[PDB]
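Note: ideal-geometry Cβ built from the backbone for every residue, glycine included; neighbour counts use all protein chains shown. None of the figures in this text is laboratory data; all of them are computed from the coordinates on show.
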Amino acid sequence: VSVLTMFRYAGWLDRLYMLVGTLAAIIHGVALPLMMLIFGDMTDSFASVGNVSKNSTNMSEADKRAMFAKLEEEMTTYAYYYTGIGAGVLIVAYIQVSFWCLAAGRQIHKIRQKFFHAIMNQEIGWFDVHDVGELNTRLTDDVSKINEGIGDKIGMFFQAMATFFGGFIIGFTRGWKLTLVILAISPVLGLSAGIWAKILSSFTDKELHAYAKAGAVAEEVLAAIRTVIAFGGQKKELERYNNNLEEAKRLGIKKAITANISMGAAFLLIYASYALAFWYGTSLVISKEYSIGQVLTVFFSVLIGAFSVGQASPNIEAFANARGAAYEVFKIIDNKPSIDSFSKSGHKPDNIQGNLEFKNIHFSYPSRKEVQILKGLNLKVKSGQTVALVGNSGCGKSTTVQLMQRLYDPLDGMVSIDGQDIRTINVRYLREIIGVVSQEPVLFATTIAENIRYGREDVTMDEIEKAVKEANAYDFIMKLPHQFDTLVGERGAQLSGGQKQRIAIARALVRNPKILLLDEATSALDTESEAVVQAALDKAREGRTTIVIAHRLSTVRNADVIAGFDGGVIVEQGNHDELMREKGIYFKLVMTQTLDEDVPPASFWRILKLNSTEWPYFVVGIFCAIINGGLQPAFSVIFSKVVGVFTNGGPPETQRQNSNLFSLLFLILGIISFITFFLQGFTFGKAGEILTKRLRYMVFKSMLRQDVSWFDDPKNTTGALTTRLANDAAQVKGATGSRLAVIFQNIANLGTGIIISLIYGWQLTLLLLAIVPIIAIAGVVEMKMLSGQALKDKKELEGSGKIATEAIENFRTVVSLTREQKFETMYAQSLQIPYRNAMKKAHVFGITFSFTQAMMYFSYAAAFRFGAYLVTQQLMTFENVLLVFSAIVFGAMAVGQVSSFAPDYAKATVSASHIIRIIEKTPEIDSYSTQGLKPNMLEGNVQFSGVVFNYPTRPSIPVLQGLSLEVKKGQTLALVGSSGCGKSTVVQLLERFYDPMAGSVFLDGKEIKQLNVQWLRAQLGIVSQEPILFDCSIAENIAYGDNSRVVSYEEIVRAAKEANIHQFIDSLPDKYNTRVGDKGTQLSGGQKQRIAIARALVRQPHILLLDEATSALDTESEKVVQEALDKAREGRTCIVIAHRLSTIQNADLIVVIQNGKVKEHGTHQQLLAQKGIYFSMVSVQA
Ligand SMILES: [Hg+2]
Ligand SMILES: [Hg+2]
Ligand SMILES: [Hg+2]
Ligand SMILES: [Hg+2]
Ligand SMILES: [Hg+2]
Ligand SMILES: [Hg+2]
């Protein structure tokens, strides 16, 4: 049910095609082991012919007859075998995949649409809670996981039955208690394998989790770097914790590693154990009873069974996951909560006109406990009027303006439109009949026209034309390029909020209501526009009855009535002069107011070269690698031997021959490998450890040392970098361990196979190598195309989903709801196309998969057939075919390798290239001399000449175009610019973060072009807007490890002293010892700046960069700090730059720079004397 069933609902000819495909799956699995059996009977006839071949030494002609007999005979049998099966799979494989999509396909389509409309209907809850972000995200993420859940489930079914029926059909049928010898030994061994192996496997995971914890404590902060570049470079705290925990769980999860290893050793040691009881119990039960050399088929086949239970397991996992996902957040999906609103049938007050009536309504936000903002409120408002709501402490005004749209049903009491109660009339209708314009005016990415059209679907540009013009929009929309068809460069990002807002008004204007709510509308907008905007509002509302809430008491006046609010609290109602005449709230408040990137450079064999660089040595590992390899073909022969030396030979000793080869198979594989792993995993794994550590280090310092427009002008977020660090070291480790499983698999498969290929008598050797390359080639080609379709669909769906987020992500739609389905509808179209395309690709997956299995039979058949070729009287055609199985199984061996161990190279090589380009870099500023700190360079006179520059992005021309100023010593360079850039760039430039594109500078005596950077920054009393401190105790922060500068206590005290942060230092728990506590949050920026300043005056500079420092503070913070910055200066030169146009008066040389070019300068009154620019600045300052 629900879980599983709801999970699998929706589907007539769906459910039917489904059960059909399941069936195909069934028969298919059954194919694999039937195929086993037949391999058996062909093999038996093969023994009989080899047995009499063994006898030989007699009637030659009867050998030519007995032989061409079974030859051509089983030759017929082989034919009908590849046939029956072969054709079989092709047909049914294609069928089970047609299961996959036909099913999941339609099933999701249905899902998809229900959810789209579902979300769009959850209404005010979809704001009430839900990250919304986390939502759309889940829309796609989950929807898809459902998909995988369905077609893979099919895969399982199929295998569930090749295992079930195999282990059965043969696991019993053949042997009658011998097949049980199977059941017995076999399933039992298989038991020890499953347990022990899986035991450690869980053990492994636990190892990996503890790893993860250590890796986070391997992270810490890595941002704020600007502050940290003027700091120097942590460099050692990072390494410290890094290699600490890493090494730890390195070798540790590396024991579980060398335990995954020790695990390969498990399953495999225990694999050859299989071989043990396998052959053992076999041989005994082959010299006594059931003497066939065909126990093979049986036991061997039951083995196939185990393997299949494996594949079945991952498929099942898939199912369950997709279930959990959909099903649970499906009740989140399907489910039709709503009721807090709806958008269907209802009541219709077509009387048009009427008065609003807020009657005795209490209400608290959706968040169950906040105060009932509307704490019992009554109000009424006549028609054609326009009422002003006046509040400030938030939480009310806006809200009544809220439910006046039924946004939320009234907690208690009620409201009435016209004369009926809001709740009673239908929504779509209400919402329409209620024009509304709030602050944030949002415009979807489209033409102006289309946005107004959103206001009203059907409607002709003649009406829009009217609309705009009515909302004074007609002018700009006309001069602006393209006209109404002009767009809106992705989101409402292209024009001024002023016009945005206007456009809106137009939108709502075509909606043409009878109620109009203006939520501060005009607000948060430039003054002049505010005018124009309110202007359009005016020409809009009187026709309509309107409730407006706002702060511009200036635009309040003309209120037919006002009401007193201020954070949920109704009081004084009435006309202006009345609420002023009251000298109450109105009057009161009235007077109070007066992460993408991927790069082309690869690294052909380079990270190999550099590999070994990132390497000490471990030939040892590669050593056993070679052995592991041989180990495999070895098996090929040891087995081929058994069967051989028992399918044709001398009677006595066959027990010892058996028994021997049996144990041989065990001791050999079992041990050798257990070993192989243990060892190799030890050495090579350790290579992964180190490589990754000495790597995270290498890279990190590369960054610390790096700098300049890296973060100075990036698109390499803190994340992108923490990312790089962790993920990349890992990956690379991968590129090296890979070179290892390379020499290895290599020798094994080929080398060994080829030698034994010599003993191959050129008729199979060749017979196969042709086959393996082709079937191998399939593995590849198939997976390839499978990816193409996967990604491309991700694209089409991306168009759709991208736009479905546009909506859900923009709820400021339900506002009008005049799009709803219309919306998700446009997306119904998009889908539509990717849907038809989906049915096809369904088919595709099928044909492909199938064709692969057809290769299955083709391969085998041709093989065994050709091999057998010519056994007329006993010729070069006999047992050797078993070594043929050896080279076929060889190709399959290497297959294990590609589909196992480290990341398919790839992502690892990519990651390598990446972390390599990053580790290469250009220090740009480590050491250097460019002076020798001469014991006189203390003057501190700053020189800026020519100074032309633009932070790399130069196309936006520079913000410094031919600049030149300077600053005497022990004094104060006053900086007053336009805004933002300019003041910053200057500072920086001194800090020589970015070097001027032309011209030069002299902190005193010579090219702050070429002066030793580290020293240049030795002196820099820098303190900016947003201070900051990494979490050391403030005593340490204070002690900002500028360099060798030791934590001079009394020094840190000197700072705290003139810092005036001492006020917190005197008492405040733990005093200096108090860590910034939680990275900061526990102290006002005022105190913070006190510390920053400390830091600085602790450095005992000579020059100072006071970048608008206090430009966000208040009273005694501001002031006291100016007292700090005060005594902080005059002892040294300092460019105090700011937007404190006021307190800037105490300046030595005040320069008025106009972004790029300096236009005014001199002393204050002298500047005013120069009535003009600086003047206007002071005249606006008022
Ligand atoms: Hg599919
Ligand atoms: Hg609130
Ligand atoms: Hg090895
Ligand atoms: Hg800038
Ligand atoms: Hg710190
Ligand atoms: Hg200053």
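Would you please calculate the Kirkwood hydrodynamic radius of segment 174-266 over all C-alpha pairs and express it in Å, rounded to one decimal? Mind showing how you got there, number by number?
Values: mean 1/r = 0.0600 Å⁻¹.
Every distinct Cα pair counted, the radius reaches 16.7 Å.
Give the distance, in whole Å, between the Cα centre of segment 330-408 and the Cα centre of segment 896-915.
Using only Cα atoms to place each centre, the spacing works out to 58 Å.
Checking a compactness column here: for segment 603-682, what do you get for Rg(Cα) / (2.2 N^0.38 Å), N being the number of residues? Display every interim value, and only then the final one.
On the way: Rg = 19.0 Å, N = 80, 2.2 N^0.38 = 11.6 Å.
Normalised by 2.2 N^0.38 Å, the Cα Rg of segment 603-682 equals 1.63.
From the residues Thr985, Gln494, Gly11, which one has its Cα farthest along the dipole of the chain in the positive direction, the dipole being from +1 and -1 charges on Cβ of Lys/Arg and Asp/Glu about the Cα centre?
Of the listed residues, the answer is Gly11.
Using the number of other C-beta atoms within 10 angstrom as an exposure proxy, rank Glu1007, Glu572 with the fewest first.
Details: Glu1007 13, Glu572 19.
If I rank by nearby Cβ atoms, fewest first, I get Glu1007, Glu572.
Take the Cα atoms of segment 241-286, build their convex hull, and give its volume per residue in Å³.
Details: hull volume 1.3 nm³, N = 46.
Hull volume over Cα atoms, normalised by residue count, gives 29 Å³.
Going toward the positive end of the dipole of segment 346-594, with +1 on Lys and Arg Cβ and -1 on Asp and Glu Cβ, which of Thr446, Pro410, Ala521 do you reach last?
Positive-end residue among those listed: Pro410.
Could you tell me which of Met36, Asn355, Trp1015 has its Cα farthest along the dipole of the chain towards the positive end, charges placed at Cβ (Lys, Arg +1; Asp, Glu -1), taken about the Cα centre?
Projecting each Cα onto the dipole axis, the largest value belongs to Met36.
Assuming a ≥ b ≥ c are the square roots of the Cα gyration tensor eigenvalues, decide whether segment 836-927 counts as rounded (a/c under 1.5), prolate (otherwise, with a/b larger than b/c) or oblate.
Values: a/c = 6.22, a/b = 1.88, b/c = 3.30.
Oblate is the answer for segment 836-927, as a/c is 1.5 or above yet b/c matches or exceeds a/b.
Calculate the dipole size of the chain relative to its Cα centre from +1 charges on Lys and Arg beta carbons and -1 charges on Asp and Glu beta carbons; express the result in debye to the nearest 20. Display every interim value, and only then the final one.
Numbers: 118 positive and 110 negative charges, 253 e Å.
Dipole of the chain, to the nearest 20 debye: 1220 debye.
In cubic angstrom, how much convex hull volume per residue do the alpha carbon atoms of segment 722-782 span?
Details: hull volume 4.4 nm³, N = 61.
Cα-based convex hull of segment 722-782, divided per residue, equals 72 Å³.
So if I take the centroid of the Cα atoms in segment 217-231 and the same for segment 541-620, what is the distance between those two points in Å?
Measuring centre to centre over Cα atoms gives 29 Å.
Provide Rg and Dmax in Å for segment 890-945, with only Cα atoms included in the calculation.
26.3, 79
Rounded if a/c is under 1.5, else prolate if a/b beats b/c, else oblate: with a ≥ b ≥ c from the C-alpha gyration tensor eigenvalues square-rooted, which is segment 434-477?
Because its axes are fairly even, with a/c under 1.5, segment 434-477 counts as rounded.
May I ask you to give the average projected area over all directions of the convex hull of the Cα atoms of segment 673-826, in nm² rounded to one decimal? Before the final figure, lay out the partial values.
On the way: hull surface 71.0 nm².
Mean shadow area of the hull around the Cα atoms is 17.7 nm².
Going by average Cβ density within 10 Å per residue, which order do the peptides 748-755, 993-1000 take, highest to lowest?
On the way: 748-755: 19.8, 993-1000: 17.6.
Order by mean packing, descending: 748-755, 993-1000.
Any idea how far the Cα center of segment 984-1063 sits from the one of segment 274-317, in Å?
When both Cα centres are located, 75 Å separates them.
How are the Cα pair distances of segment 287-334 distributed, in percent, across 5 Å bins from 0?
Final binned percentages: 5, 16, 13, 11, 10, 9, 8, 7, 6, 5, 4, 3, 2, 1.
At 7 Å along Cα-to-Cβ for each site, give me the label-to-label distance between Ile626 and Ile847 in nm.
So the two model labels end up 4.8 nm from each other.
Rounded to the nearest 500, what is the 222 nm mean residue ellipticity of the chain from helices alone, with -39500 (n - 2.57) per DSSP H run of 4+ residues and division by all residues? Intermediate values should be presented prior to the final figure.
Details: 40 runs with 682 residues, N = 1182.
Per the formula, -19500 deg cm²/dmol.
Would you mind ranking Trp100, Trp615, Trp1015 so that the residue whose beta carbon has the fewest other beta carbons within 10 Å leads the list? Show your work: numbers first, answer last.
Numbers: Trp100 23, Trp615 14, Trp1015 17.
If I rank by nearby Cβ atoms, fewest first, I get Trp615, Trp1015, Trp100.
Based only on other Cβ atoms within 10 Å, what is the fewest-to-most ordering of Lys1006, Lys177, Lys609, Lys693?
Numbers: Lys1006 16, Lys177 13, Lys609 10, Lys693 20.
Final ranking by Cβ density, sparse to dense: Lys609, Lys177, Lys1006, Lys693.
Please report, largest first and rounded to whole Å, the three semi-axes of the ellipsoid equivalent to segment 934-1076, where each semi-axis is the square root of five times an eigenvalue of the C-alpha gyration tensor.
Working: eigenvalues 224, 66, 39 Å².
Listed largest to smallest, the semi-axes of segment 934-1076 are 33, 18, 14 Å.
State the Kirkwood hydrodynamic radius of segment 931-1182 in Å, one decimal place, computed from all pairs of distinct Cα atoms. Numbers along the way, then the final one.
Numbers: mean 1/r = 0.0530 Å⁻¹.
Taking the inverse mean of 1/r over all distinct Cα pairs, segment 931-1182 comes out at 18.9 Å.
Could the peptides 783-792, 670-679, 1061-1070 be put in order, highest first, of the mean number of other beta-carbon atoms found within 10 Å of their residues?
Working: 783-792: 12.0, 670-679: 19.4, 1061-1070: 15.0.
Averaged packing, sorted descending, gives the order 670-679, 1061-1070, 783-792.
What would the Debye equation give as log₁₀ I(q)/I(0) for the chain at q = 0.08 Å⁻¹, counting only Cα atoms as equal point scatterers?
-1.12
Relative to 2.2 N^0.38 Å, what does the C-alpha radius of gyration of segment 54-163 come to as a ratio? Two decimals please. Intermediate results must be reported in sequence, preceding the final value.
Values: Rg = 29.0 Å, N = 110, 2.2 N^0.38 = 13.1 Å.
Against the compact-globule rule of thumb, the ratio is 2.21.
Report Rg(Cα)/(2.2 N^0.38 Å) for segment 346-594, keeping two decimals. Spell out each step's value before the answer.
Working: Rg = 18.4 Å, N = 249, 2.2 N^0.38 = 17.9 Å.
Working it through for segment 346-594, the quotient is 1.03.
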